[PDB]
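Engineer: Shown below is the structure under consideration.
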Amino acid sequence: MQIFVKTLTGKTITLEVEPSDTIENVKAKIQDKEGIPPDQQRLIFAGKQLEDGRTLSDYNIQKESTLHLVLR
Amino acid sequence: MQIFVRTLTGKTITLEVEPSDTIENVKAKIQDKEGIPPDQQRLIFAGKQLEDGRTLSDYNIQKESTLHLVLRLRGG
Amino acid sequence: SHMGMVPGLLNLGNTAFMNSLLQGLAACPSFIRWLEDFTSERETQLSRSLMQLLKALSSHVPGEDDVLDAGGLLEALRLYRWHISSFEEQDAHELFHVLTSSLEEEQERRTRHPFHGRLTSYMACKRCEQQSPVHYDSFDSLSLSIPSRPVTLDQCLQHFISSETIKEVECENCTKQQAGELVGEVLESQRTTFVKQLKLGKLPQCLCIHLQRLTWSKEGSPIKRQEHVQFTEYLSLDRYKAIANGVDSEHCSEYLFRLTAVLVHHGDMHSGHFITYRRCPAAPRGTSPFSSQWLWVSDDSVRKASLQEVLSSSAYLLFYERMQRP
Ligand SMILES: [Zn+2]
């Protein structure tokens, strides 16, 4: 399935994911596509910071949901 | 005077107003009938979206004018 | 590079609502031509910056830049016309009306912009059958509510122009055909049942249809309609065909439209993203004035898309060009 990751630095990324994918997996895919190290990535959905051990389905992240990526 | 508002289901309701009424007032009357908070309402007359602080008289809104009510769907 | 395609647009801080709209407007060559005529310094920054972006977004030959900076337009908006905050999400439809009205205001500071049409508004009292003066109201878009088996664009249009009855409407006529009552004497203002109906009057060269996906629940909360609304590449409006804009005035397939863009909202009632499906820019030697190729554009990211994908999408704003009369 497809989700969007808006960054604050002007790119909006598309990701191919499964609801079963963990946040760690998603950060891995963001690294693979953009070269941003997972340890620098903070993901936000509905004002909530996503945690590595959890999945997209855990946060009720749906097809074409939008995540915000903020860097530390 | 009476004007019309086309609501979110396309049904058209009547509103009782004065030319001196502000758009905020009008939105309050719409809330009275439809339960929609004024800050969530967008009103359009003759393709122009009406703004708070203006009056119906400012827009040449006459008796039996039709306003269109739409909401604000945000995406970023 | 973006060889067979168009530049993307930087997202300048939750500005997908602007980028999606720009990509859609860029697919309306009549609007571009109008703006070109129109644009030929702070007060005109909006139209100049919009013109520059649309031109760069409608070029058959790829330009020097893969991704464009819509900063002059955003600045003109935020500072001079629509005082929105820097990082707040907005409605592309609300931006659309800001642009058409701002451009018309630059104009009256001369043909109307090609999104401009007129509705006809007819109404009559059922008690005395007196017909009210006809209203001929401008529109820049058609905001269609979605009825409640799949829903079609045609059902939305049909619902839009269908007649309705409205109760407790003032009728001066029936008020004066009313006997007074000996109380002094009081004459009760007569409110009656009216039939009312909107019809399509003047049709624009560029058509913006707004599908109202955000509505109000019975429980008093906003809800987003997610369901598909079936629409077509070609739209005939022949079926759906004094006071003008409040001012007393004087009054004394033919309407075939071709889809050029579909702006889509992804998300819920409170927030999300906007993307645009759009035709490629017209080619000089095409066999049609329009390109048969489609693109999907999400801010900076541009890719080719199929018409199947376009038609299967969740349309929010639909953009059409009128095809030359028969
Ligand atoms: Zn009557």
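When the header is checked for method, it gives X-ray crystallography, 1.9 Å.
Using the three backbone atoms N, Cα and C, a Cβ is placed for every residue, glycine included.
Straight from Swiss-Prot, here's the annotation block:
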CROSSLNK  A:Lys6  ubiquitin cross-link
CROSSLNK  A:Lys11  ubiquitin cross-link
CROSSLNK  A:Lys27  ubiquitin cross-link
CROSSLNK  A:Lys29  ubiquitin cross-link
CROSSLNK  A:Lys33  ubiquitin cross-link
CROSSLNK  A:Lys48  ubiquitin cross-link
SITE      A:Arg54  site 'Interacts with activating enzyme'
CROSSLNK  A:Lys63  ubiquitin cross-link
MOD_RES   A:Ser65  phosphoserine
SITE      A:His68  site 'Essential for function'
SITE      A:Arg72  site 'Interacts with activating enzyme'
Engineer: Quick one: give me the count of other CB atoms within 10 A of the CB of A:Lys6 (ubiquitin cross-link).
Structural biologist: 25
Engineer: Out of A:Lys29, A:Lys48, A:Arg54, A:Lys63, A:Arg72, which of the recorded positions is least crowded by other Cβ atoms within 10 Å?
Structural biologist: A:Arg72
Engineer: Return the residues near A:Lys11 (ubiquitin cross-link), defined as same-chain residues 6+ apart in sequence whose C-beta is under 8 angstroms from its C-beta, sorted by sequence, else 'none'.
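Structural biologist: Those within reach of A:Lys11 (ubiquitin cross-link), by Cβ under 8 Å and sequence separation of 6 or more, are A:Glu34.
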Engineer: At the level of the C-alpha atoms, what whole-angstrom distance separates A:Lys33 (ubiquitin cross-link) and A:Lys27 (ubiquitin cross-link)?
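Structural biologist: Approximately 10 Å lies between the Cα of A:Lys33 (ubiquitin cross-link) and that of A:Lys27 (ubiquitin cross-link).
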Engineer: Please name the residue among the recorded positions A:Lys27, A:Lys33, A:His68 whose C-beta has the most neighbouring C-beta atoms within 10 angstroms.
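Structural biologist: Per the Cβ count, the most surrounded site is A:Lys27.
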Engineer: Indicate whether A:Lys27 (ubiquitin cross-link) is helix, strand or coil by DSSP.
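Structural biologist: DSSP call for A:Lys27 (ubiquitin cross-link): helix.
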Engineer: Where does A:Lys11 (ubiquitin cross-link) sit by DSSP, helix, strand or coil?
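Structural biologist: A:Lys11 (ubiquitin cross-link) sits in coil per DSSP, no helix or strand.
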Engineer: Less than 8 Å, Cβ to Cβ, versus chain B; work out which of the recorded positions A:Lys6, A:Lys27, A:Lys29, A:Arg54, A:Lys63, A:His68 satisfy that and list them by sequence.
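Structural biologist: Out of A:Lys6, A:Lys27, A:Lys29, A:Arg54, A:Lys63, A:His68, A:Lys6 lie under 8 Å of chain B.
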Engineer: Give the helix, strand or coil assignment DSSP yields for A:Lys33 (ubiquitin cross-link).
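Structural biologist: The residue in question, A:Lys33 (ubiquitin cross-link), is helix (DSSP, three-state).
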Engineer: Name, in order along the sequence, the recorded sites among A:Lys6, A:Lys11, A:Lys27 with a Cβ closer than 8 Å to any chain C Cβ.
Structural biologist: A:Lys6, A:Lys11
Engineer: Closest to A:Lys48 (ubiquitin cross-link): which of the recorded positions A:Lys6, A:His68, A:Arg72, going by Cα position?
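Structural biologist: Looking at Cα distances from A:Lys48 (ubiquitin cross-link), the smallest one goes to A:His68.
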Engineer: If one looks at the chain holding A:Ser65 (phosphoserine), which residues at least 6 apart in sequence have a CB under 8 angstroms from its CB?
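Structural biologist: Counting only residues 6 or more apart in sequence, the Cβ neighbours of A:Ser65 (phosphoserine) under 8 Å are A:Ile3, A:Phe4, A:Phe45, A:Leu56.
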Engineer: Nearest of the recorded positions to A:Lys6 (ubiquitin cross-link) by CA-CA distance, picking from A:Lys27, A:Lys29, A:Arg54, A:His68, A:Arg72?
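Structural biologist: Comparing Cα positions, the closest of these recorded positions turns out to be A:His68.
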Engineer: Rounded to an integer, what is the Cα-Cα distance in Å between A:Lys27 (ubiquitin cross-link) and A:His68 (site 'Essential for function')?
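Structural biologist: Cα-Cα distance, A:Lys27 (ubiquitin cross-link) to A:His68 (site 'Essential for function'): 12 Å.
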Engineer: Where does A:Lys63 (ubiquitin cross-link) sit in DSSP terms: helix, strand, or coil?
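Structural biologist: DSSP call for A:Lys63 (ubiquitin cross-link): coil, neither helix nor strand.
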